[PDB]
Every structure is written in structure tokens, then in C-alpha cells.
There are 2 protein chains.
Amino acid sequence: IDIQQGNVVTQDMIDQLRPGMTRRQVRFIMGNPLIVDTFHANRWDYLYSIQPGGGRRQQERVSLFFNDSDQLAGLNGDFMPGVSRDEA
Amino acid sequence: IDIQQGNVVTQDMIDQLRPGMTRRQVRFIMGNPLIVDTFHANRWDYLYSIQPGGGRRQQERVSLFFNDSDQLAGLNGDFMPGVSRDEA
């Protein structure tokens with residue numbers, strides 16, 4: 001008991017989330033959000049080198065997202081660790 | 001072909017990043033960002049259950065961040081997978 005019919009969000013649902021998903025896709029997986037906020041965010045973009053010394057054309061892209069409190073809240077890039085949950 | 005002196009960003013620097021870091025802490029680790037953008041973002045908050053039959057007081061918190069493209073760009077929560085990089 002103790003939790004009503006549909007509000008139970010599980011770790012399995014969180015594990016299905018992937019970067020790039022739209023709000024509609026998240027709503028299907030997670031259900032309706034409990035609280036929604038809008039604010040001014042900042043994104044920081046970097047070129048980075050894997051196996052340093054590889055040259056300018058071998059660089060890849062990473063983006064960092066900061067939230068309302070100006071604290072790091074997201075990492076966009078191509079790492080392929082077998083993404084289960086993004087992070088936190 | 002060879003990148004210039006002091007803007008070489010490595011995988012090791014990305015691995016040091018953690019959620020909650022400020023822009024000043026990131027700037028120390030990563031150097032000055034290549035491109036900076038500001039936009040309107042959305043955050044979606046959820047309570048979730050760690051295991052089935054948890055009860056209301058055993059729920060934890062997860063926050064989802066959506067970027068300018070209305071795509072999932074970050075996750076906030078408590079997972080403790082030994083965060084190397086916020087997945088992407």
C-alpha cells in the first residue's frame with residue numbers, strides 16, 4: 001500500500017532514459033513530472049582530445065550544462081560507456 | 001595539424017567533473033570554454049522508488065534537465081555508480 005495507483009517511478013524506468021530524448025519520450029517512460037520549472041541555463045562547449053597528441057582533426061565535442069544555481073547539471077558528448085543512467 | 005599550446009582538453013579533465021560543480025570549478029579543471037550559450041531550460045522533478053514495495057518515506061529524488069532543443073541533457077539524483085563522467 002502507501003502509494004497510490006499510478007505514481008510509482010522505478011529505477012528501471014530511470015535506466016531507460018537516454019540523452020537526446022524529447023519531453024514526450026520521457027513522459028512515456030517516466031509518467032507526468034511531479035514538479036516542472038523553467039529558468040535561464042548556460043551551456044559550455046569544448047573540443048577535447050582522446051589519446052593526447054592526435055591532432056586537430058581527431059578532436060571530439062563535449063557540452064556542459066549549468067542549472068539555475070549555476071551548478072553543473074549535464075554532460076553532452078560521445079563517451080559510450082554503455083549508458084545506464086546519465087549521472088548525478 | 002598540431003594543436004596550439006594551452007587549450008588541450010583531455011579525457012582525464014572530463015573525468016574529474018562532478019555534478020554540482022560551479023562554473024569556477026569547471027573553469028579550473030577544463031580551462032576557458034570554447035563557446036558559451038544561454039537559453040531557457042526546463043527541469044522535471046520526480047520521486048522514485050529504489051525497490052518494489054518501498055513506501056512513501058523510502059522514495060528518493062531525481063531531476064531531469066532539458067536543453068534548448070527540448071532534449072534530455074542532464075540528470076540529477078543519487079545513484080553513486082562511482083561517477084567517472086556524466087553520461088552522454
# chains A, B, ... in the order shown; residues from 1 in each chain; ligands from 1

$ select_by_dssp --residues "chain B" --states "alpha helix (DSSP H)" --output "ChimeraX atom specification"
/B:11-15,23-30

$ calpha_fit_rmsd --fixed "chain B" --moving "chain A"
0.7 Å

$ closest_residue --among "A:9, A:14, A:47, A:64" --to "residue 26 of chain B" --atoms "only C-alpha atoms"
A:64

$ interface_residues --of "chain B" --to "chain A" --cutoff "7 Å" --atoms "only C-alpha atoms" --output "number ranges by chain"
B: 1-3, 8-11, 19-23, 33-50, 55-56, 70-79, 83, 86-88

$ select_by_dssp --residues "chain B" --states "strand (DSSP E or B)" --output "PyMOL selection string"
chain B and resi 10+22+35-49+60-66+71-76
